[PDB]
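Input: a single structure, listed below in structure tokens.
Taken together, the values in this text are just the output of simple stated rules run on the coordinates, not laboratory data. With ideal geometry, Cβ positions are generated from the backbone for all residues, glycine too; neighbour counts draw on all protein chains shown.
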Amino acid sequence: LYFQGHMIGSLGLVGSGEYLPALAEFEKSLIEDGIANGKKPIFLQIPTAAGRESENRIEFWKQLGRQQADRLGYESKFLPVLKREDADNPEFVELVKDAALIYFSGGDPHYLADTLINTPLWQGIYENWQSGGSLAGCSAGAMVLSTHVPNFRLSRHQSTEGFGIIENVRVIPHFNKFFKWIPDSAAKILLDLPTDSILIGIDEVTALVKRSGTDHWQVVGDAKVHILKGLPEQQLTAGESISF
């Protein structure tokens with residue numbers, strides 16, 4: 001009991017597919033990881049990346065996440081943090097401090113970062129993770145965990161500051177589809193920032209996880225993780241491991 005809370009929680013990087021059946025056992029395992037570390041068995045869902053979207057869009061995120069949590073057997077807590085003022089809500093800051101899993105769903109990574117960076121809510125999430133709660137981000141939610149977020153509209157020298165908890169790794173999500181959606185100029189920024197060390201791509205419905213109590217990363221889900229820069233080029237499938 002009083003040996004709990006000394007280990008950093010599991011960290012999940014998801015390329016797409018949050019809250020869907022195909023990643024249901026992955027999300028459950030993250031909740032189990034935080035439970036084992038003594039955290040309340042809640043699936044805390046943070047949709048701030050979508051905070052500029054329609055009121056119906058946000059409710060759709062809520063109901064998507066609620067239905068996943070129901071399938072897995074854990075109470076969900078949707079935190080409707082949609083603008084930066086909401087990240088000061090002391091109720092929300094109290095909730096994130098004891099959560100088996102905290103999940104950033106997809107949307108706009110620049111808005112996600114700008115809205116939560118250096119807020120009391122983020123400090124709570126960080127403390128929860130540092131004390132054994134699982135933390136995951138999907139698509140935009142994975143991008144903002146690095147030190148910097150690429151801005152296609154600008155240049156490689158005008159990245160948005162992220163939360164910086166994976167210090168030497170950055171993620172390109174939706175890897176198998178992203179480059180069909182943007183021009184070559186944007187692709188060059190996405191693939192090469194001056195702040196990069198190790199750069200990886202995560203395909204849709206695929207994840208990379210560093211489990212609590214381990215120091216390696218393991219691939220989960222339907223497709224591949226691509227090692228792009230800072231280590232030899234490599235493609236990994238479900239079950240494979242790598243150290244960064």
For the pair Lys177/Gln235, report the inter-label distance in nm, with labels modelled 7 Å from Cα in the Cβ direction.
1.8
What distance in nm separates the two pseudo spin-label positions at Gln67 and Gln4, each 7 Å out from Cα along the beta-carbon direction?
3.3
Taking K and R as +1 and D and E as -1, what net charge do the other residues with C-beta under 14 Å from the C-beta of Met143 add up to?
-4
³J(HN,Hα) computed for each position of the stretch 234-244 - Karplus, 6.51 cos²θ - 1.76 cosθ + 1.60, integer Hz, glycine/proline x:
6, 10, 10, 10, 3, x, 6, 10, 7, 9, 10
Subtracting the Cα-Cα distance from 0.36 nm times the residue separation, let me have the gained length for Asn56 to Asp114 in nm, one decimal.
18.6 nm
Reachable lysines from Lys229, criterion Cα separation under 18 angstrom, eight or more residues apart if same chain:
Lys188
Taking Rh as the Kirkwood radius computed over alpha-carbon pairs of the chain and applying Stokes-Einstein at 25 °C with viscosity 0.890 mPa s, one gets a diffusion coefficient in µm² s⁻¹ of 138
Just how far, in whole angstrom, is the stretch 165-242 from the stretch 133-149 if you go by their alpha carbon centroids?
12
GluC sites (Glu not before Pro) in the stretch 1-51 lying in a DSSP loop, each with at most 14 other Cβ atoms within 10 Å of its Cβ, come to none
Relative contact order (%) - criterion: Cα under 8 Å, at least six apart; region: the chain:
23
For the stretch 16-89, diffusion coefficient by Stokes-Einstein and Kirkwood Rh (Cα), 25 °C, 0.890 mPa s, µm²/s
188
Which of the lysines could a cross-linker bridge to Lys97, judged by Cα under 25 Å and excluding same-chain residues fewer than eight apart?
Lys28, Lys39, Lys40, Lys62, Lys77, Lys83, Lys210
